[PDB]
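Residue numbers (the entry's author numbering), protein chains in the order written: chain P, 1 to 233; chain S, 8 to 241; chain O, 2 to 245; chain Q, 2 to 251; chain U, 1 to 245; chain R, 2 to 244; chain T, 4 to 241; chain X, 2 to 205. For each residue, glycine too, the CB sits at the ideal point set by N, CA and C. Scroll down for the structure; my scribbles are underneath it.
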Amino acid sequence: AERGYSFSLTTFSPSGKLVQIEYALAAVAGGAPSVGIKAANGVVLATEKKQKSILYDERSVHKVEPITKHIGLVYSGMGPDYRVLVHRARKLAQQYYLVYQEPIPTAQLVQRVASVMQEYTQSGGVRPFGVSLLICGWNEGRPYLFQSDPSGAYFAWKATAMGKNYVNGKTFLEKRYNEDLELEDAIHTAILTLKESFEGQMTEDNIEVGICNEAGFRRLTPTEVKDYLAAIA
Amino acid sequence: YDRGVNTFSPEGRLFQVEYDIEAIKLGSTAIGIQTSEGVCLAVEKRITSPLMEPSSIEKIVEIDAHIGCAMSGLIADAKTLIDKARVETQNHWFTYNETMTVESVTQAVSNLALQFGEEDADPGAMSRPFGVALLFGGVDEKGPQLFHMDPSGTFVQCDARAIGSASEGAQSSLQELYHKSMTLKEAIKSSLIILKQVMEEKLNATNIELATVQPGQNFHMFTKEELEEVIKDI
Amino acid sequence: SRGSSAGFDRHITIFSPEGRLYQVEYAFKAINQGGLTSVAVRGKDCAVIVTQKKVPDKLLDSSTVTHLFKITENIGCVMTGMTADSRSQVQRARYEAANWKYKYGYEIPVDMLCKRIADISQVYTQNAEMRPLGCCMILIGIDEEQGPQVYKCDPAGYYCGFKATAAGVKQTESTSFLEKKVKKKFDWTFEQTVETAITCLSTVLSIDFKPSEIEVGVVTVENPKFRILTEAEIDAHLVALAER
Amino acid sequence: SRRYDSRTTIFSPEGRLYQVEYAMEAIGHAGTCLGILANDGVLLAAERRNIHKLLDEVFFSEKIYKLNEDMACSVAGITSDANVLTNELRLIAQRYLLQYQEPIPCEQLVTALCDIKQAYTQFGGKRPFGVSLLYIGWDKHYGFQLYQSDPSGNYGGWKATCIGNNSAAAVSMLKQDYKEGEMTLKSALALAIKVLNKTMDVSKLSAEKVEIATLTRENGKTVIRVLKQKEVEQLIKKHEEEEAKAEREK
Amino acid sequence: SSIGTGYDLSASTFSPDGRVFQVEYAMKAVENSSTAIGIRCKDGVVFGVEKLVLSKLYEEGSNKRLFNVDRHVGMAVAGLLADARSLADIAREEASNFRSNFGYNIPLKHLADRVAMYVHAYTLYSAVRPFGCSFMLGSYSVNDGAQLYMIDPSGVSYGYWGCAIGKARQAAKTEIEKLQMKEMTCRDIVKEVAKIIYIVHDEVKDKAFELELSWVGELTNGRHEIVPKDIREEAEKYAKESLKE
Amino acid sequence: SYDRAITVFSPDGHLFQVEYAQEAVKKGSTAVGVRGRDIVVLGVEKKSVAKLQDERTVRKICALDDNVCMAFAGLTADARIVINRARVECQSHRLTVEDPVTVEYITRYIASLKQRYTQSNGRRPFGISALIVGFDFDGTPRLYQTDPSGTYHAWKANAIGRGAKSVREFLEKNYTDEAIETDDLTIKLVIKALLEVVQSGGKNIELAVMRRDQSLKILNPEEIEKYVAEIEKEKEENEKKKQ
Amino acid sequence: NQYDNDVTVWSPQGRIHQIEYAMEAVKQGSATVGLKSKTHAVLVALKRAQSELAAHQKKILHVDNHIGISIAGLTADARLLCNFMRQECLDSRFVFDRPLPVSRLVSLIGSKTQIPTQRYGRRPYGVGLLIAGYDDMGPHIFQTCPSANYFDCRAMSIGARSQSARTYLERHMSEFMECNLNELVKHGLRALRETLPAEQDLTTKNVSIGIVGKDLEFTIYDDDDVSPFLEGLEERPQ
Amino acid sequence: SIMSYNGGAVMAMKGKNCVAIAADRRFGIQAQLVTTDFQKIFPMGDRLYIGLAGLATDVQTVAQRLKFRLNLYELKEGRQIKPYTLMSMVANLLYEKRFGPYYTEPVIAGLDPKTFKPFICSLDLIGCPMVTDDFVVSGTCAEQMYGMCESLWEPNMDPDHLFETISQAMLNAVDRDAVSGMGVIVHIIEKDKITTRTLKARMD
Ligand SMILES: [Mg+2]
Ligand SMILES: [Mg+2]
Ligand SMILES: [Mg+2]
Ligand SMILES: [Mg+2]
Ligand SMILES: [Mg+2]
Ligand SMILES: [Mg+2]
Ligand SMILES: [Mg+2]
Ligand SMILES: [Mg+2]
Ligand SMILES: [Mg+2]
Ligand SMILES: [Mg+2]
């Protein structure tokens, strides 16, 4: 027989900080890196799918997940927490569509999921999600790229990174690329910004990438991946 | 040191209930005496200022025409118990069309005894005992009667009893003066004599409440004058 | 950071200054407490489950001593860690699976079942009222057009499919072994898969066990129904490994 | 259970709620934000914190919120916490509009949201919201009004005030340079760039390091707008390109 | 190993080394209890308990540590009696609901797995505490034969041929291994049960005591019954006499 | 739902959460009240006239019904809640019964609300004391006060909040049949009491009163400086002309 | 003390202090005794008075025509349990039109009082009970403790200095079964007296007796009503 | 029948780059007129109007509750509702009362907020929508109204030949229905303006 803790597990310290949230971000800063680029004609998401042994079947699980026909996700942090948020985003995505009959606007999906993440920083008995997401979408012509973190706060980026070396991965992009970048272009400068930390032999199974153009969102196959890898494609 | 409100001490006593018995010792003192001709209740209002209406201080109240009750301790708490009592006497009258004995009334109130707790509790549930001691005085089929009840939920009948800060002293005096055959007249005098002693302030007719209930007359709260009449014989 | 602590980060599932969850970690050590190790391998036409069967007592109906459970008829699993927790998780798996078919019309995919059990555990990881389960779950069976599948889920919420894997005391030693033989990987036939599993366990435990010292579960593309090998036919594999 | 509960809604020996005070702390570190009351309008100016050369920012503002049709507000504190209290603000507005078929009286929309924050401090064992808000609007009862709210569930109407970083240097400044009774949306925007230039560790207070919005009447329908990049700088230069002209008098 | 710095106050907390001290602590309560043993004969299951004489004022039959959980299932307990009794009610309820639903007597393996999951439920939260008890379930039927199960404070459940719980869990086992129950009949095991009890019982420390024996097998017709006074005495005499050797 | 017991007894029989609430009341803007015979008055001290403020949106004085009103001292937010709860009870006492709300009844109600909140799981007590004013329609004019404990009494005059102890010591030495024997002088004693601890300026006060039948009246800062002069100089016709 | 405040916390010794502490509540209560012949169940108890002007505490309560009890420990808890016991009995008569078998009623107290000892935030009942009843299995004397445990007794006594009474009862057990009422009651009164300070004994003011048996419905005797039993009591301490 | 308790008629028509919507003005209770100035068409943004027929209370209620939702939608989204979306919004609000529905069959008429696209549709009292390229009717004279419409509507119409067409459909249909009438009002929406005229009609 179970009861429940009704008091919040996150609380302001005298410094005015929300300790658990910072610590959650620490779990993020310690996770596999992720990069997102808004190419003004499609967005790109890519992360380090570092699997320990070769025994791991890279297939069976993904980090770049489709929310709707036109939305997509990637994270940096605790994998299990992510999964929870993926099911809730997909769900939130449907509750919108049933009511409005129009696919959910990317900004709107972000707002909704961010609200959830915020919920877990005040409700009783729980800890904040130890994850940060990068949502990408094509809603009404313009491409979108967003990031919401543990606190439940979100921002729209032209491009960014989260996870290990996200500090360096950002500055790198802070110059190593800019707007007007076309499709395949933003994809290259993305897999590159990734390698700017990717320790090891970055192959087609060490990474996973998805793109979101104004014609749907999808994950790229090991093929199209092995290609871009050869420093081109 | 933080524990549940329903924790026992190594001594086999609930901390909260013990800690409220303590609170009663900080209340004003009240006395109740039981005579074959009636029962009387007296308490020191313990006025703390001239600007405070001595009348807006009732430590003695009517439960029903045949029952009066005096209190001591955290008076805010007693408000609740007093109401439950009045309501109870009426439910009994409603249902059985007859007055409730003084013992049954006291008992009814005592069942809210240790009715406090945290987990596994309703929303409108007490979170701590009532820091109150009570004296139910009245007359019923068994003649005049006086009952005492503290926070442990225990209650008993007494020929005479005192509660409040001066309780220990007051009770000593009551033991010296009580007569199984004394009278409501003698009784009231003793009450004031003793009350006068223990009070830190000089016994005024405006700093004490006295009331009686007798086999004939229904509960009566002594007037400012009727006090002068008895105080006349300091 | 560097192993720091603050508040109750060591008593309930809340973040530590580093961003770790000690209780989830303490939950992994909890697995080893049983002192057992388990291995699972994915053949090209099958999947195999092998674990120790330490029955130090002769007063136990060895029949009732198992870590091999039939979830569905086409899904079998092996538990590693705290027993009671394990039986529990096994029951939930049976439930989630029976319910999936009733509600959707078809057998639950080994892929999905594990993702499910995984999602559940994730909660214990985010909620403080309860501790995570100190056990690990390995499921195997044949998918519609994906052939044999082998999945394992964490007391932390993680889940995945593998060519082969292990859990228990010698998990880390069992992986090094397997991943080394998956490179030399001959033809992953039924016999080899079964043989490779037994040895991995025998060499990491250095035991050359009798047929009663281990239990073997298997699911076959030609016989999708989960099957637990007899003590007799277990030995048939043991002898076969001795011919060299 | 009793052991892990921090008791976020209890009194301290002093007789104060420590979790409210700590929320304040968080507020006095957030992007500065203030509003001044004129006679032809009312405004809000905030320290745009999402300042960075990579953000794509696709919103009307970053800290300016449209509640009512006659109201808007700004926040100082935890943004997520803020998105929650505003959403609820919009709902309270509409419930009133549904029920009475008339815009909700400005102050009333505030006392509403305040009763909720007040509650989070009296019961529930939950932490209060880490937010302080500035409300500006117009209503057929007191026309233009400016309001401020604390996570304590406390509020007040201000002819002028500030919240956030150095929300002390900003006050006293206005507290003396404010035309109590003779303010124009122009003389208002005046102190705006003047005070923000001060309390804001920024030299030549760029157009981005700030967000402006003004509410005014206009032939019936109330108007709410956030100044465009250019429109901002006009007051940027106007401030300085008048300041050097102020030292030629000393 | 002295681990216990907050890591032992809640069942919802793992120790730094993967343990749940509250459950372990609950078991100690059991290890401090008086020994009870169960042994699967070839035509049933037999139960015996060293019920210590708390006071000579108590009736013979007070604090029974053996109950009928269903007409074909018996329960032998060790540890905190009040905890055990409520587990006996749960067992009963579980066995009763089963009959109402599926329409036939509950299989001992199922009644055991069920009650076990209930026990286990109490080792996951701070909201409750683990049962401080262990018990055995015994039954016989022709379509199932004889079955003996044992559940402990953690929820774990297993089938046995012979088993013991309490003060002398160990000492009782080394004595059970001497018998070849698999071939033995229940009518003969009673003797051996009472035998292993006197051996194991500490004449010194623990004062006087009483012997409780449970019946269930072909000899009882499937109904778990108390062992007839006649058989008990015979088994007591045999145990006492075998003691003088 | 949160069931923790917030207010509990201590070793010597104390309810700290209540005593702490009482402390918050102490750190509040003083508030005094005097009971006349034709007009009861109330004034709220330390009104911290920040000028950049807005008088209306913060007056520690409120009306509950058409025959009752109140002043408070303590946590601002709490007061609001309690104020609007008594307001509601006022109208509901008219739907259940037909007659209006009494002087005491409503005060008792507020006390009962506070007392309850010192004995219910999940809740903190209300950190405010209240000076309830009103004339007992078809009777005399009464004055009552309430503290977090939930206890209440009728006062001839009183003060709560910052230094209320002082103003109380003072009030006890200025109240007489004669002192304020007319509405003109009644509103005076309060004015004096407030000032007898109230910061210099007069722009720190916010008095007001209710007539034994008329609506409520919040005095204007004008009628303020006047009555604040009729005594500012009267505090010289015996202190600067006999000193 | 980390293991003393919650009944859900086991100590490293396999004990639950809260339960033990509650047991202490019983010991504090004034002593009470119970014993049965083969035809009567008898409860005997010593009542205490706060001061000399107060009455003596009730110690014996009527549950149903065939059941009565004596209490030791928290009075409020006695009333809770008594009312539960009363309710359970009324239900039996309502549904089955027969009196609730005493042993079955005891099992219910056992189950009811066990629950709180296992849940967080709850506390053990702080009262012991001696139960005297008569069903179609004859007289019965049961004992129930703060720990949901209960006992079927030949005779018994709980409370302060009840150790003496127990001892006296253990010496004359063999006599009980064949005693006729008045003799049985005397043994009871006699045992109670064992728990007193030598310089004082049984008064018609501090003794209470409860009797139920094949020939009589549970009845209580308190003041003058106790005389008949006190007479013929050898003031021969032993 | 419940629907014809207050009587009433509503209609929407599709032109080239314009849209029209008209409604009678009578508010009655069975045989008795009560009011002549009863609003049945509500503004739901510029270039978007909804017309409600049926039971007076639900007309008012469905409209007020729909505004509630429309406003928030526009405050959360950073835009102005698209017709096809407002239709889906009303379809949801009505169906939430599937087993105790509001008694009103709405008519939607408007132009795309960011396009020319004229749009008209009507719904079930339970939220089933219908979109057409010509016209839609609702009320106690559906039959009369269909009569006119199938004989006066032309594929493309300038604002003026639309106004004269929808104005004739109404007045003539509504004049063969005893509980509809007491004046007609028309709304013609063009990308640039909103023309609102109250036609001259019978008052019996
Ligand atoms: Mg990652
Ligand atoms: Mg946890
Ligand atoms: Mg367990
Ligand atoms: Mg033997
Ligand atoms: Mg047997
Ligand atoms: Mg202000
Ligand atoms: Mg005062
Ligand atoms: Mg328009
Ligand atoms: Mg007509
Ligand atoms: Mg007509």
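Quick one: is residue i near chain P, going by C-beta distance under 7 Å?
i                : result
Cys136 (chain O) : no
Are the Cβ atoms of residue i and residue j separated by less than 7 Å?
i                : j                : result
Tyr26 (chain S)  : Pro12 (chain R)  : yes
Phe226 (chain S) : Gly75 (chain S)  : yes
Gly36 (chain Q)  : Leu98 (chain Q)  : no
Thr199 (chain X) : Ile186 (chain X) : yes
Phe146 (chain P) : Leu56 (chain Q)  : no
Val188 (chain T) : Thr207 (chain T) : no
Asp139 (chain R) : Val104 (chain R) : no
Starting from the Cα of residue i, find the closest Cα among the options and give me that residue.
i                     : options                                   : result
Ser56 (chain S)       : R:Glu170, R:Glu238, R:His94 and R:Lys48   : R:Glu170
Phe191 (chain O)      : O:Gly8, O:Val217, O:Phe16 and O:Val25     : O:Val217
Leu114 (chain O)      : O:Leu206, O:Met138, O:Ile199 and O:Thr126 : O:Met138
residue 308 (chain U) : U:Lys42, U:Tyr58 and U:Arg85              : With chain U covering only 1 through 245, there is no way to say anything about residue 308 (chain U).
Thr116 (chain X)      : X:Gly140, X:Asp193 and X:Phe69            : X:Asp193
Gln122 (chain P)      : P:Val19, P:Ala233, P:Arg3 and P:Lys226    : P:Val19
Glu29 (chain S)       : R:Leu16, R:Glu24 and R:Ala155             : R:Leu16
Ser76 (chain P)       : P:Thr160, P:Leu92 and P:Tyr97             : P:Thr160
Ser53 (chain P)       : O:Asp236, O:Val220, O:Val240 and O:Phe163 : O:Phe163
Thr219 (chain S)      : S:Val46, S:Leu33 and S:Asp240             : S:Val46
Hey, does residue i have any beta-carbon neighbour from chain O nearer than 7 Å?
i               : result
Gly30 (chain P) : yes
Could you give the C-beta distance for residue i and residue j, rounded to a whole number, given that I count them as a contact under 8 Å?
i               : j                : result
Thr31 (chain R) : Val168 (chain R) : 6 Å
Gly32 (chain Q) : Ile79 (chain Q)  : With a Cβ gap of about 12 Å, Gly32 (chain Q) and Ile79 (chain Q) do not count as contacting.
Compare the C-beta of residue i against all C-beta atoms of chain R and say whether one is closer than 7 Å.
i                     : result
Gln122 (chain S)      : no
residue 312 (chain S) : Residue 312 (chain S) lies beyond the stretch modelled for chain S, which goes from 8 to 241, so this question has no answer here.
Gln119 (chain Q)      : yes
Looking at the C-beta of residue i, does it have a partner C-beta in chain T at a distance below 7 Å?
i                : result
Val128 (chain U) : yes
Item checked: Stretch pair the stretch 44–62 of chain R + the stretch 110–130 of chain R: three plus CB contacts closer than 8 Å -> Because the criterion of three Cβ pairs below 8 Å is not met, the stretch 44–62 of chain R and the stretch 110–130 of chain R do not touch.
Margin query: Under 8 Å, with one C-beta from each stretch per pair, do the stretch 153–167 of chain X and the stretch 21–28 of chain X reach the 3-pair mark?
Written below: The stretch 153–167 of chain X, when compared against the stretch 21–28 of chain X, does touch it at the 8 Å Cβ threshold.
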